[PDB]
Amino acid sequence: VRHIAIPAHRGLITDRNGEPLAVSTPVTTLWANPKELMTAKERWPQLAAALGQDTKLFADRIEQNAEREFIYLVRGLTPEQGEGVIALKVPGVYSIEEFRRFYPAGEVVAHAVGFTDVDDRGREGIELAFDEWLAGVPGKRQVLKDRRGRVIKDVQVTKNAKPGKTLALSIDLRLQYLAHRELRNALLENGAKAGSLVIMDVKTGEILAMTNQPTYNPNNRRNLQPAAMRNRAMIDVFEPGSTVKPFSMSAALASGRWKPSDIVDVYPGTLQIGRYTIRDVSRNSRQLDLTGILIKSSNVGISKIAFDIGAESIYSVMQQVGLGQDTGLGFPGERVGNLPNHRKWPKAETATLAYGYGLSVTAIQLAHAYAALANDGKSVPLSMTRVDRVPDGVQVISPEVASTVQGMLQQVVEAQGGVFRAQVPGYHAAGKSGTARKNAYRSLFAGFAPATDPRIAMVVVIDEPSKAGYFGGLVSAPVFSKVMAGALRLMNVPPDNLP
């Protein structure tokens, strides 16, 4: 190299409405030529003190690099801080105009946006995922230096730096601040270890919000534990439990063998399958209709329906909605989980599959699956970027079966003995709670609203609640309520629970 790199301007990242999320800010990097510094030793303590370096340790560094023509002194100073060191007129001290990322929303979109390294290269999240679009191409400038390495002049701009391109994400910052605030509050209120909240636009496949606890400030790195950096909604796999019962119910209704008014005997609240024992949470029931199986969240009831229709029909619905399937988002470190398949399904595996014990999914996958159901059984491909021209979508559940299932889920929320904490002020909502044993628990709520013209699907995951309450309908459902209520207002969704 007789040339020095011209860092290009990194692409602006914004939310869906142009709110900046990642801003390339001008910084100044100082470098020095030790062969020039070696003839100006009486200036070193002044230069050391301006750099925040120890006098002797700085002098040692120069003396050791004496034959080298380039050393970095300090990186990423404000243009003002850098201009101050240049003003000392220390022979052989030079500056390079660089760029450093600033994240205006900080810890609020840390996991989605990600961050760049010291070299301004995308290391996590969107920054990495879209690195090629955002980076552009670094320029080149030919220099003239005497034999001592002293930079005389810039000969030419060999290759002009081409700046990065802007990126508008699908994230609505208002919804993102709202989900972030409320998930933080739920974590603190319950003494919970971690959590995730995902908001989906059921019509466009857009991820409107994706927040996780714990989080970190991407602007102030240093000391950061791995727990805080984990983009949980995409990288944490979990058993979805009772939240998959709507999909087992879709298979039952699509079979031709079941209707909502159908009865299933669940007495005495247990069912033995060889050495394994299926157990219901509440065990004071005998005959339950299909809606009552979802309200009471009966594992016995769903297991018996699964035996009637066969696991192959259930697996097919769960596979089609995307449970344990690749999202198609080339998102760094995103997990696929697992949807177990069998050549021939045994009795025990049929039952555990129908109630979500036999499977691992992400909160993104669960939200996408509820979006398909909410969107009249049609699955629109997921997007982390703003969707202007919406792709076609795949019909994964018949519209009639999807409509019936939506109605039962509105009853789960609105009916006697139902998930009353998930109710949305002034709207009809629909959803299903889940509680998974990890005793350590995972508290879930999945749902959508308005129930009469769905617009939003949402998943709330609260990992390890440490207070008396651990059930999803008690821990996660009130989060869904507050966030959904706020999001429908922000999106000008007309209330459908009109007096």
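Start at 1 with the first residue shown and count on from there. Definition used throughout: the rigid core is the maximal C-alpha set that superposes within 1.5 Å between two forms.
Greater average departure of CA atoms from the shown form, over structures and residues in 9 other deposited structures of this protein after a core fit, characterises 270 to 278 among 205 to 213 and 270 to 278. In 9 other deposited structures of this protein, superposed on the rigid core, the segment with the larger root-mean-square CA displacement between 416 to 424 and 344 to 352 is 344 to 352. Unmodelled residues of the deposited sequence between residue 41 and residue 42: none, the chain being continuous.
Mean CA B-factor, 374 to 382 versus 158 to 166: the higher value falls on 158 to 166. In this entry, 322 to 330 shows the higher mean Cα temperature factor of the pair 297 to 305 and 322 to 330. When the C-alpha B-factors of 405, 397, 87, 198 are read from the PDB record, the largest value belongs to 87.
You'll see in the entry that, of 292, 79, 256, 92, the Cα B factor peaks at 79.
In this PDB entry, the Cα temperature factor of residue 473 sits in the middle third of its chain's modelled residues. Sorting the modelled residues of the chain by their CA temperature factor places residue 109 in the middle third. Among all modelled residues in its chain, residue 31 ranks in the middle third by Cα B-factor. Among the modelled residues of its chain, residue 439 has a C-alpha B-factor that falls in the highest third, as given in the PDB entry. For residue 426, the recorded CA temperature factor ranks within the middle third of the chain's modelled residues.
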